[PDB]
């Protein structure tokens, strides 16, 4: 019969996919915060980042009870450390820009934020590829439990 056993792996995959995409948009938003001469837009984009941080934290709290295998748990903990580095460097370019220190805002973006964002993205990509391998294994043997 219709096997809805495939909804934890599907949900994990879809969450992680969205997470990867959102981080990529954040890279461009943080760049705009650092580089833009339009102050009202910079404030709006910083406020937006403050909201998306909570959105991400809550997706974290959703997904982490589902991540139970050793390799994915290891990747997840790594992501959780690089995320601290990332949030700190992003909030530093934001705080610098908001205080009229644009040159430092860009020096922090290039020298600290982008490397952290790249590590974050590498780890997210790894987790997603891992999760697709897991989702296919789990679907194959749900089909062999239905066979």
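Positions refer to the first chain, counted from 1.
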**Request:** Taking the mean of the C-alpha B-factors per stretch from the entry, tell me the winner out of 96-104 and 28-36.
**Result:** 96-104
**Item:** Comparing 117-125 with 63-71, the one whose average Cα B-factor in the PDB entry is higher
**Value:** 63-71
**Chain third (lowest, middle, highest) by recorded CA B-factor, residue given as residue 53** = middle
**Request:** Would you check the entry's CA temperature factor for residue 134 and let me know if it's in the chain's lowest, middle or highest third?
**Result:** middle
**Asked** Relative to the other modelled residues in the chain, which third contains the C-alpha temperature factor of residue 23: lowest, middle or highest?
**Response** lowest
